[PDB]
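Before any questions on binding or motion, here is one chain by itself as structure tokens, the form deposited in one PDB entry.
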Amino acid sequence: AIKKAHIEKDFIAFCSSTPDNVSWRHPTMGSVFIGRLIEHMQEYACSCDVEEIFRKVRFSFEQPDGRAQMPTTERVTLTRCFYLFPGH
């Protein structure tokens, strides 16, 4: 028998800046957002769900530094917490 499912569900997108605005990349050290996301995933994947980790990344950008940017999560249809349970 056929059943209906939501056509769009269980998505989260995380962008490196807010609309209209630049993101920064260091020519030898890589993109600031990417490096910060990796650090936060490494530190917090064990204890926080992905939405909370993205919030912490956002918080880490909160004070500008001459190269300001604010990561933005977009189009979120996660219905549950996504824990990565690193090691399992």
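Whichever C-alpha set is largest while still superposing within 1.5 Å between the two forms counts as the rigid core. All residue numbers refer to positions in the sequence shown, first residue = 1.
In this entry, 63-71 shows the higher mean Cα temperature factor of the pair 63-71 and 14-22. For the two regions 25-33 and 50-58, the entry's Cα B-factors average higher over 25-33. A1: CA B factor in the highest third of modelled residues in this chain (values from the PDB entry).
The following text describes the form deposited in another entry, which does not appear among the structures shown.
Core-superposed comparison between this form and the one not shown: the C-alpha position of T77 differs by less than 2 Å. Core-superposed comparison between this form and the one not shown: the Cα of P19 travels 2 Å or more. In summary, the C-alpha positions of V22 and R75 diverge in the other form, ending up at least 3 angstroms farther from each other than in this conformation. Compared with the form shown, the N21-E62 C-alpha separation increases in the other form, the change being 3 Å or greater.
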